[PDB]
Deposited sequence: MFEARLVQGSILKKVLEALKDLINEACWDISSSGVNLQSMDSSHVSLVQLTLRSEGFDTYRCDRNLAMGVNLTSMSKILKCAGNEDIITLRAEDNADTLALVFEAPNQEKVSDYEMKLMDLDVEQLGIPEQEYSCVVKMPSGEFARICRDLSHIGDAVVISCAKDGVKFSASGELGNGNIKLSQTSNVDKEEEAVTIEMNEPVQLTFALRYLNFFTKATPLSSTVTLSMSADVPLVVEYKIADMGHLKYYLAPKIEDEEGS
């Protein structure tokens, strides 16, 4: 059997909000380590990677590994029926055909039980390379969301340009061009082995930023000839990483 109890049920609601508009269905890999999801979007230009370690759940049991094929829109509709302060329990039989989600209102005397149908999904899961990066930029998540939103009003593509003392974001379209320069602060932090000047699709980025409610900070890891990683920490329990292939033209 699988059973996971998360008192801060709101984490789950935000994760579904952060995922459901980018990918339609995905395998939730459940094991003794916790809950892992890894999925490319339809176009294969981006990849999402969710970790929820077992020790972040108030209780966790996984008797056998399990790949749960999930329609993310359906899971999201179910999770909208949870209040923000609900304790959320996930539960599935071995070789499950369905997933049970139970929501306990901690003030109120109200219990909701939902039962989600699972999909049979053909796997195909390739390893994500382990590496270190030329530049790692830590900054406030709300700032990054705003910067991506604003620039998308000017152009399709963001040039991200990073040196030891600051990071620059540039866009350019029909109406003109723009660039936002943030200075490293005493927070905006830059850990740089060497400078980078890389271009990416804002359309995808403005989807990553729907994870903003998970954390007040976001980190950007980049190198020449490799995907951008935009990571959001899910405090004391995991993270949500989005990878973005460089833009070609």
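In this entry, the deposited residues absent from the coordinate set span 187-193, 257-261.
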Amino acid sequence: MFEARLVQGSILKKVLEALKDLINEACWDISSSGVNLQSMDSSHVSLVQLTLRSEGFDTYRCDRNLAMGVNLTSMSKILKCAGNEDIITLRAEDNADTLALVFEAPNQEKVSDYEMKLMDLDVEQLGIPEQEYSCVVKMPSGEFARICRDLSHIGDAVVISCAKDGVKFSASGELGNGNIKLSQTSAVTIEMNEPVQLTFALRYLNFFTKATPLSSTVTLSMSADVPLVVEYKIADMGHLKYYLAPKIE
From here on, numbers count along this sequence of modelled residues.
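The term rigid core refers to the maximal set of C-alpha atoms that superpose within 1.5 Å between the two forms.
Displacement analysis by core superposition in 6 other deposited structures of this protein ranks 177-185 above the other of 177-185 and 25-33 in root-mean-square C-alpha distance from the shown form. The stretch that moves more in 6 other deposited structures of this protein, judged by CA deviation after a rigid core superposition and choosing between 163-171 and 106-114, is 106-114. For the pair 192-200 and 50-58, the mean Cα B-factor is higher in 192-200. In the PDB entry, a CA B factor belonging to the middle third of its chain's modelled residues is recorded for residue 92.
The deposited CA B-factor of residue 144 belongs to the lowest third of values across its chain. Annotation for residue 77: C-alpha temperature factor in the lowest third relative to the rest of the modelled chain, per the entry.
Per-chain ranking of the deposited C-alpha B factor places residue 71 in the lowest third. Among the modelled residues of its chain, residue 20 has a C-alpha B-factor that falls in the highest third, as given in the PDB entry.
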